[PDB]
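Each chain, written out:
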2 protein chains.
Amino acid sequence: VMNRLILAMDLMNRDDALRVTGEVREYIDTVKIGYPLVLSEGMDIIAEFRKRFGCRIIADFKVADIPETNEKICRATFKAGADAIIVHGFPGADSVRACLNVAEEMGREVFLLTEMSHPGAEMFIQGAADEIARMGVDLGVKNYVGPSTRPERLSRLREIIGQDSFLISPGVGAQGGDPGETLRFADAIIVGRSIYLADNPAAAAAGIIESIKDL
Amino acid sequence: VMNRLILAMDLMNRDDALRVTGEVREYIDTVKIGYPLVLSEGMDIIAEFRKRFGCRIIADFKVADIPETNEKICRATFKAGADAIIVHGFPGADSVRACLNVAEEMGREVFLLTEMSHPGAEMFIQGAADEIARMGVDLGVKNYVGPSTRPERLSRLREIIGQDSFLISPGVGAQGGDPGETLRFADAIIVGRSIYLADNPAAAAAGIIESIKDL
Ligand SMILES: N#Cc1cc(=O)[nH]c(=O)n1[C@@H]1O[C@H](COP(=O)(O)O)[C@@H](O)[C@H]1O
Ligand SMILES: N#Cc1cc(=O)[nH]c(=O)n1[C@@H]1O[C@H](COP(=O)(O)O)[C@@H](O)[C@H]1O
């Protein structure tokens, strides 16, 4: 991804989301669109973004249902033009496999979310995360998400998935993660509020890239 | 809920979803709408159903993000007219509390999904599920979801949440669960495909209710 930086576009207004995305487009090559924007403006926003910005779109839908429902969610999401979808690993291998089957059918990608970045992830997810990552490897998952807020965990996740797998990492900025340290282990960082709530989102993005280029 | 039966409306077409829901409306009082329908037809389908059918709507969005994103998802969902939202407990107490805070602000309800009904739930969720339920009790959650496919687990979950808590249960019919056995422990059952894929959905719903009445 361009400059190893993915914008988490979680504004909930089409005009504000378009404005900020257009302002930082020279500094990114992929935008993560989640439910805050989609549930407020509709699934058509994915193809609008893909067209107007020529960016790749990751649908951060944290898919976490039974296999039959996961298949439907993935089909709707790729039909809407998303390049990839983020899927939770904790519902188990059959739920992940359902998403992989639809991605194979539609020529798209699945990212497996292993450990999450927020404090509550320590309660249940962290204890299962190594095993979720190993499950991913066994299923042939090549794209993973793990937490900027815990670089020791990001290191362990990288160890499990190997160097060939692609690893992206949220929790940079607002949640306390650091771009440089996270990029020791992740291929790309995801950044939302530090950019989209900034007085000058382009200046915020540029500042991040300057720190990245230095690594 | 009327007749202790909630329709899981996971058809992806507005016309088919409206047809089936209309045909079975005399036998239910609540419709569970999830991402298959919403991502295909838009969030406005929630208010359409509420208006047309005068039914309560549970948004089955399996909310499973960090606290800040959860609050955004819950706000959009209640703005759209949902009566309640289903939230995963696996991501931890702060993520659940974020949803409870928005439900409190907006005068709506949260259902906490503890153990899931599909085979993959055995890998990670089942081992955490008693603790997820206890966490719900500690947070003051009053509405829970647990699996028709494992009535011994449903019994244990009922034990933890007490008799005053409201418990709904999917996995009836297509996934193998039984209405009568599940209603030993749950207050209401959720049924999707056994009704919506039936040649005569009204006849399928009526058959289920006849079996419920006998208990
Ligand atoms: N993908 C993802 C995901 C997994 C995770 O463990 N932690 C996150 O913050 N996220 C998402 O990344 C973004 C982080 O944004 P921010 O930079 O904290 O504002 C949000 O969209 C959040 O929902
Ligand atoms: N709520 C919920 C949920 C939790 C769970 O553990 N198992 C489920 O099947 N569900 C949902 O209930 C419905 C079950 O539908 P069906 O009766 O198997 O066709 C689907 O919407 C599924 O996504």
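Residues numbered from 1 in each chain as written, not as in the entry; some residues may be left out. Chains lettered and ligands numbered in written order. Heavy atoms only, no water.

Deposited coordinates in this entry are attributed by the record to X-ray crystallography, at a stated resolution of 1.57 Å.

A closer look at the interface of chain B and chain A
With 45 residues of chain B at the contact, the number on the chain A side is 45 residues. For the pairing of chain B and chain A, the buried interface totals around 3300 Å² over both sides, and the portion due to carbon and sulfur atoms is 70%. The three residues of chain B that bury the most area against chain A are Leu39, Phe90 and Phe124 of chain B, which together make up 21% of that side's buried surface. Residue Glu68 of chain B is joined to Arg193 of chain A by a salt bridge in which the shortest nitrogen-to-oxygen separation is 3.7 Å. Counting residues per element, the ones that place at least two in the side of chain B that touches chain A are α2 (35-41), β3 (56-63), α4 (67-79), α5 (93-106), α6 (125-139) and α9 (193-196) of chain B. (Contact = heavy atoms within 4.5 Å. Buried area = accessible area lost by both parts, 1.4 Å probe. Salt bridge = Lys/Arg side-chain N within 4 Å of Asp/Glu carboxyl O. Helix = DSSP H or I, 4+ residues; strand = E, 2+ residues; numbered from the N terminus.)

Here we look at the nonpolar core
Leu39 and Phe49 of chain A together with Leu39 and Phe49 of chain B are the most contacted members of the largest nonpolar core, which has 172 residues in total. Here this core gets seven residues from one element, more than from any other, and that element is helix α10 (residues 201-213) of chain B. Excluding residues within four positions of it along the chain, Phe49 of chain B makes contact with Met9, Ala17, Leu18, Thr21, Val31, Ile33, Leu37, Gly54, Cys55 and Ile57 of chain B. (Core = buried A, V, L, I, M, F, W, Y, C linked by side-chain atoms within 4.5 Å. Buried < 20%, exposed > 50% of the residue type's maximum accessible area, 1.4 Å probe, protein only.)

Concerning the packing of aromatic side chains
The geometry of an aromatic ring pair comes down to the distance between the two centres and the angle between the two planes. Across all of its chains, the model carries nine aromatic pairs over all chains by this definition. An angle of 75 degrees between the planes, with centres 5.1 Å apart, marks the rings of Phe49 of chain A and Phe53 of chain A as edge-to-face. Taken together, the positions of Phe49 of chain A and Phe53 of chain A, both in helix α3 (residues 44-53) and four residues apart, correspond to about one turn of that helix. Here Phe49 of chain A falls in the buried class, since its relative accessible area comes to 0%. For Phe53 of chain A, a relative accessible area of 11% puts it in the buried group. Summarising the aromatic geometry, the rings of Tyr35 of chain B and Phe61 of chain B are spaced 4.1 Å apart at their centres and angled 10 degrees between planes, so their arrangement reads as stacked. In this pair, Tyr35 of chain B sits in helix α2 while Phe61 of chain B sits in strand β3, placing the two residues 26 residues apart along the sequence. (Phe/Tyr/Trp six-rings, centres within 6.5 Å; stacked < 30°, edge-to-face > 60°.)

Notes on α10 of chain B
Residue and element names in this part refer to chain B. With 13 residues, α10 should cover 18 Å at 1.5 Å per step; its first-to-last C-alpha distance of 18 Å lies within 8% of that length. Turning to α10, its buried residues are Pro201, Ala202, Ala204, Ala205, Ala206, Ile208, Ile209 and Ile212. The secondary structure elements touched by the buried residues of α10 are β1 (5-9), α1 (14-24), α8 (179-182), β8 (188-191) and α9. Between the side-chain oxygen of the N-cap and the backbone nitrogen of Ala202 there are 3.3 Å, and the N-cap of α10 in question is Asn200. (Expected span 1.5 Å × (residues − 1). Polar contact = N/O pair within 3.5 Å; in protein donor to acceptor, adjacent residues only side chain to side chain.)

Observations concerning the sheet that holds strand β5 (residues 109-113) of chain B
Residue and element names in this part refer to chain B. Reading around the circumference, β1-β2-β3-β4-β5-β6-β7-β8 is the order of the eight strands in this closed barrel, with parallel pairing throughout. Looking at each pair of strands side by side, their axes are set apart by 25 degrees on average, direction ignored. With three bridges connecting them, strand β6 (residues 143-145) and strand β7 (residues 166-169) associate as parallel partners. If you follow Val145 over to β7, its bridge partner there is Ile168. (Pairing = 2+ DSSP bridges. Axes fitted to C-alpha atoms, helices over the stretch in contact; angles between N-to-C directions.)

Focus: the sheet that holds strand β2 (residues 30-34) of chain A
Residue and element names in this part refer to chain A. An order of β1-β2-β3-β4-β5-β6-β7-β8 is seen for the eight strands of this closed barrel, with the pairing classed as parallel. Each adjacent strand pair in this sheet contributes to an overall mean axis angle of 25 degrees, direction not counted. By the bridge criterion, four bridges tie strand β1 (residues 5-9) to β2 in an arrangement that is parallel. By the bridge assignment, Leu7 is partnered in β2 with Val31. Seen against the sheet, helix α4 (residues 67-79) touches β3 (56-63), β4 (84-88) and β5 (109-113) and runs at an angle of roughly 155 degrees to β4.

Some thoughts on the site of ligand 1
Near ligand 1, the surroundings consist of 17 residues, among which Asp10, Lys32, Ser117 and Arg193 of chain A together with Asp65 of chain B are the closest. Nearby residues place ligand 1 at the junction of chains A and B. Within the contact set of ligand 1, an oxygen atom lies 2.8 Å away from a side-chain nitrogen or oxygen of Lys32 of chain A. With respect to ligand 1, the side chain of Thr69 of chain B contributes an N or O atom lying 2.9 Å from an oxygen atom. With the chains in place, 99% of the 500 Å² that ligand 1 exposes on its own is no longer accessible. A class-by-class count of the residues in the shell around ligand 1 yields seven nonpolar, four polar and six charged. (Near = heavy atom within 4 Å. Areas by Shrake-Rupley, 256 points an atom, 1.4 Å probe, with all protein chains shown as cover. Nonpolar A, V, L, I, M, F, W, Y, C, P; charged D, E, K, R; others polar.)

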